[PDB]
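*Asks:* An experimental structure, sequence included, is below.
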Amino acid sequence: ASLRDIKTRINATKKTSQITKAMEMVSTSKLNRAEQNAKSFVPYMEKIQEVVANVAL
Amino acid sequence: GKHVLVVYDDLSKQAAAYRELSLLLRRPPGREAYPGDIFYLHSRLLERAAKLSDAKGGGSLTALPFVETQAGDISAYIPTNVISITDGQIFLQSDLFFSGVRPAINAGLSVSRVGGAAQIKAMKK
């Protein structure tokens, strides 16, 4: 094809790469903040389950 | 004092014919083997379209030259020369053509330096 043909597709793909990288960074920060709630939840579930371990038997 | 519309179908083919004549007459060529005075030729042709003043009768002539490119290369020599002369350009694109958009005016690239002054008030609104 032509240089004119190639340049447009290169531009589009570079913009796509930019957008994908930005979304990857955002998801990384979201995952980091998401694990905290699981950390907070574990003690509650364990403390209820240990009471169940004798109440429900 | 009348108004005339003139359409030139292939300035590219006219330029090809003039290039052939120049090379047969053995004049030195420029880039893409075209003679150096092709721009003079086309400018002398096109700049004869004008809107005359009221003292001259008020007649006018508008021109619509056509230029054909190969695989969308608008940086070529004849397209650049013709673009640098005319007041505006309209680009028709095959990718728009086959996706259903006919006519294929690409509004993003098309330019008109005489916009607004050439439209009625309702259209301008």
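*Replies:* Yep, that arrived. Numbers count the residues shown, from 1 in each chain, chains lettered A, B, ... in the order given.

*Asks:* For the residue in chain A that chain B sits nearest to, grab phi and psi.
*Replies:* Sorted by distance to chain B under C-beta to the nearest C-beta, the residues of chain A start with residue A:2, at 5.0 Å. All C-beta atoms are positioned from the backbone trio N, CA, C, and that covers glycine. When read as degrees, to the nearest 10, the backbone of residue A:2 gives phi -100, psi 160.

*Asks:* so what's it closest to, chain neighbours aside?
*Replies:* Spatial nearest neighbour of residue A:2, chain neighbours left out: residue B:71 (5.0 Å); criterion: C-beta to C-beta, 6 or more residues apart in numbering or on different chains.

*Asks:* OK, contacts around the one you found?
*Replies:* Residue B:71 sits next to A:1-2, A:4-5 when contact means C-beta atoms under 8 Å, 6 or more residues apart in numbering or on different chains.

*Asks:* what's near enough to touch the residue of chain A closest to chain B?
*Replies:* B:71-73.

*Asks:* Can you report how many residues neighbour residue B:22?
*Replies:* Around residue B:22 there are 18 other residues, counting by other C-beta atoms under 10 Å in any protein chain shown.

*Asks:* tally of neighbours for the nearest residue to it once chain neighbours are set aside?
*Replies:* Distances taken as C-beta to C-beta, 6+ apart put residue B:35 closest to residue B:22, at 4.0 Å, once the chain neighbours are dropped. If you count neighbours by other C-beta under 10 Å, residue B:35 ends up with 19.

*Asks:* likewise the one 5 residues further on?
*Replies:* Here the number of neighbours of residue B:40 (other C-beta under 10 Å) works out to 11.

*Asks:* quick one: the residue positioned nearest the centre of chain A from residue A:38, how far?
*Replies:* Taking C-alpha atoms, centre = their mean, the centroid of chain A lies closest to residue A:27, which sits 3.9 Å from it. According to C-beta to C-beta, to the nearest Å, residue A:27 and residue A:38 sit 16 Å apart.

*Asks:* likewise residue B:44?
*Replies:* Taking C-beta to C-beta, one finds residue B:44 at 79 Å from residue A:38.

*Asks:* same deal with residue A:22?
*Replies:* For residue A:22, the distance to residue A:38 - C-beta to C-beta - is 26 Å.

*Asks:* hang on, isn't residue B:10 packed against residue B:68?
*Replies:* Yes. Residue B:10 lies in contact with residue B:68 (C-beta atoms under 8 Å); the separation is 6.6 Å.

*Asks:* tell me which element the residue nearest to residue A:2 is part of?
*Replies:* Under the criterion of DSSP states H and E, residue B:71 resides outside all helices and strands.

*Asks:* swap in the one 10 residues further on?
*Replies:* Using DSSP H and E, residue B:81 sits in helix B:77-85.
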